[PDB]
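Just the one chain here, laid out as structure tokens, in the form deposited in one PDB entry.
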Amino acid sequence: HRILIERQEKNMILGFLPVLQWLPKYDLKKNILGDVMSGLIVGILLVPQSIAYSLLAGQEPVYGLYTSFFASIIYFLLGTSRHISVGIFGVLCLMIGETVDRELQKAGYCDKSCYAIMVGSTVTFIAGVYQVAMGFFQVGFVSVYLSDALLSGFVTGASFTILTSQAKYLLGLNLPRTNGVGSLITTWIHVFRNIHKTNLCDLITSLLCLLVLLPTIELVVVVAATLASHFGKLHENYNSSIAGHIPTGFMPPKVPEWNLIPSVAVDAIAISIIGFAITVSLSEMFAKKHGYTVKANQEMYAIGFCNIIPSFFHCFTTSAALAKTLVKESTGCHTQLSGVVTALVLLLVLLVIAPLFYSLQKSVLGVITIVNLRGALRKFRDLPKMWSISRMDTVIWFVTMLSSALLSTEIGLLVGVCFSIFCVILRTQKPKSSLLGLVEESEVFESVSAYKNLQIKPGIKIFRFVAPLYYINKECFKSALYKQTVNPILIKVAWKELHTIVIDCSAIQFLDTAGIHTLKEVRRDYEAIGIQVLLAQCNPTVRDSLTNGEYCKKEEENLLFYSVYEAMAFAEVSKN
């Protein structure tokens, strides 16, 4: 009556540049509206964003505009997604500024501003080739190790570090630069220490900008603030911080200095990883939004060469925002030509009307940065909902947040990745394990601890262990099996109803050397007392591992079964 089942016998140019085949398919009438509106809006919007993040990264306004313009042009010539906005990312520029400050401290501070670019571009050039190499060799699976609950706590914690850093500009204080682990608390300490020396004009204008922009517009706010700062001596009479002169034109291209490659490679690893994890994602999510497909390898290449050709022209790393991909969505663009228009607008700003924002203050720039972190720092209102869905994901999110906001961004990403992997390990150990009962008028065996009125038979116990059996939870497996049924060691040492134990191995995913040893020891110990142990519903991998580990002899039979019902039927017959 045993179940008998037999085992089975033991186009390169076209791909590189999407626009080669995308231009003929593009229709001017189909994609006309939104492209013109996006170019001026997104472009005028990326001017403040650029001047600010450049100061966040440790540079001047000109280089932020360089990065944005070159990123847009390169992605248009190389990208595949029809809705993504490749430009400056706040978190990436924060990490760039951290590395730039570290190397500046190492060197000691070719002006100091010039040396920032050499470090800044070199980090980006290494980040780009890392993205190119991992894309070419098809080693892009490393994205699977960064979840959406770690890459949403890293961006909610790094948003506090960007708002703390900007708190200097909002309050009009010339605070010293703070770096390393614990920079957030130290900067706040300096803020409260020097709060008496805050500029009255800077505080007034920052309060007005916060009270206007937050309820609400960004472009008109920038225009109004610049106009108010102009036609006045507040740069001297009020001694308020001013953006200053923005150099015009394009400087000659400079090859990144290869003297700094070994120092900047380690940070470039994190830069490239987050840059492709946060792009290939919002490029796939938006592709699913509009019902089209995006090539992950082509995104790899596009975001890789977006950090090399710009890197030759004094630019830092570029990545998709999803904080300005929404501005261009609201615009209504239906093609990547809009970005070109944006680039054109940036070009129209880069050499022409460049000193028009000379009088623009820094407090307004900080306020603009503040009213754009709203999204990430509002992820707090979703905490109870996250707790309801999954408590461990909530814990991982909070740990990543606290680590990134208090122990540097890079250490706060490595703490997130490792903690998530250990949380999976923690889920494996101390797992669910319970007896099973028979469902009346059926052949289904379910947990007698989760379902009621489950019929069980005296003398036979069915034990289910959900997790895989390996070195981590072998002791837990033995302890649970002994807590249920009987403890063979205790009965043997005491000697010196129950007669059959069935283990349901359906949920066991794999077996380690310790797991094979644990199963053999369990069977031998129970057989010493006079109990027979039958394994049921072992997957083919577990069956092969047991056969390789010599759990049973070839001549021996009546030991492994394909179903719990078959094992129960065999045990009842043997007792008779």
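Each form is matched to the other, and the largest set of C-alpha atoms that superpose within 1.5 Å is called the rigid core. In this text, residue numbers run from 1 along the sequence as written.
Peer 1: For the stretch from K10 to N11, please bin the deposited residues that the model skips: none, 1 to 3, 4 to 9, or 10 or more.
Peer 2: The entry leaves 10 or more residues without coordinates here.
Peer 1: Might you work out how many residues are unmodelled in the deposited sequence between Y109 and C110, and answer none, 1 to 3, 4 to 9, or 10 or more?
Peer 2: Missing in between: 10 or more residues.
FYI, the form deposited in another entry isn't displayed, but the following is about it.
Peer 1: Report the residue, chosen from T178, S241, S403, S447, for which the CA moves 2 Å or more between the shown form and the other one after the rigid core is overlaid.
Peer 2: One residue passes the 2 Å cut-off, namely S241.
Peer 1: Establish whether a shift of 2 Å or more occurs at the C-alpha of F231 between the shown form and the other one, with the two forms superposed on the rigid core.
Peer 2: Superposed on the core, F231 moves its C-alpha 2 Å or more between the shown form and the other one.
Peer 1: Given a change of 3 Å or more, say if the Cα atoms of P247 and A116 sit closer or farther in the other form than in this form.
Peer 2: They are farther apart; the C-alpha distance rises by 3 Å or more in the other form.
Peer 1: Can you confirm the direction of the Cα distance change for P247 and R102 in the other form, closer or farther than in this form, given it is 3 Å or more?
Peer 2: Relative to the displayed form, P247 and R102 move farther apart in the other form - a change of at least 3 Å between their C-alphas.
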